[PDB]
Ligand SMILES: [Zn+2]
Ligand SMILES: [Zn+2]
């Protein structure tokens, strides 16, 4: 089902989310969470979603797009469950994007993040990954790990001048 | 009548508004602006309003409250037309407030501003003033002169952690 998405202002979105145990992923309620999470992220037309965004401080991130209406330009993104992630910048080069967040509705903000990172996670399966992601993917992944350390894009806005509502930014 | 209030994202709210001429205040359309401005500020239940907030880059600020629903606590404020203002900090001491703005609907942000300033303006009459304002008044006056130099409270947010929507901040 679709869970209620917490909005910027709730202190939860700022608390640090702790790791998931190899025990949990094989748990029943966990599987029911990934279900909800996906169901919620889709109804929201978002590129991804972090557990805390719905009240759960577990290091659980979800993603997936395929022709998105909320961010027209962007490339389709393949669904994937990202757990206990750990990103690291592989360069100082940065790609700029007017990011948005389901937890900060109706607004957009230019944010410059590194464009090439090394990330290491784990899946519903228990598999260990450790690749180097680049381009839009990296952006989204970074954006969503942030939620896990209580960080929202507004905290990184290149500059408050470049931040506002949609209805007005496109005009 | 009530004019449409520009929302954060419109580049106008960031442009510098120029001064008003002793000629204008005695003008007909000017008087019609102060009318609208007031009518608009009231319908909005705001403590004040700056010309640019409705598309006019003239150094015209308006104020007035008396039992406000949008900011319950705050002291009533007496209507007044403030023109070509010029504020100056008279201290480093600062009072904190979760400010809001009609141009940035549904949100609130903790902002620390000086609590004792020297301001010099002019009225619909043409009178020259130069007093030292303190307390809530100073806050509001500073908040509204900012609009004249293209500045919104988000640009001063003490810290992004303390910024969010109303429905969620009170909870
Ligand atoms: Zn988000
Ligand atoms: Zn304002």
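So basically every Cβ, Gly included, is an ideal-geometry build from the backbone, and we count neighbours across all protein chains shown. Bear in mind that the values in this text are calculations on the coordinates, not laboratory data.
Details
- Filter result (within 14 Å of chain A (Cβ to nearest Cβ) and either crowded, with 18+ Cβ neighbours inside 10 Å or in a strand (DSSP E or B) (or both)) within region B:8-26: B:8, B:9, B:10, B:13, B:14
- The set of residues in region A:59-98 being within 16 Å of ligand 1 (Cβ to nearest atom), over 21 Å from residue A:118 (Cα atoms) and more than 14 Å from every other protein chain (Cβ to nearest Cβ) consists of A:65, A:68, A:70, A:71, A:74.
- Residues of region B:129-166 that are farther than 21 Å from residue B:92 by Cα and without any contact (Cβ under 8 Å) to a residue 40 or more places away in the chain: B:129, B:160, B:161.
- Of all residues in region A:43-58, those being over 23 Å from residue A:120 (Cβ atoms), touching a helix residue (DSSP H, G or I) at 6+ places or on another chain (Cβ under 9 Å) and more than 11 Å from ligand 1 (Cβ to nearest atom) number 2.
- Some residue of region A:64-74 being surrounded by 13 or more Cβ atoms within 10 Å (Cβ to Cβ), under 17 Å from residue A:149 (Cβ atoms) and in contact with a helix residue (DSSP H, G or I) (Cβ under 8 Å, 6 or more places away or on another chain): no
- Some residue of region A:54-76 being touching a residue at least 24 places away in the same chain (Cβ under 8 Å) and over 29 Å from residue B:165 (Cα atoms): yes
- Of all residues in region A:43-61, exactly one satisfies the criterion of being assigned to a helix (DSSP H, G or I) and surrounded by fewer than 16 Cβ atoms within 10 Å (Cβ to Cβ), namely A:43.
- Test: residue in region B:64-71 that is on the phi < 0 side of the Ramachandran plot, away from ligand 2 (no atom under 15 Å from the Cβ) and part of a strand (DSSP E or B): no
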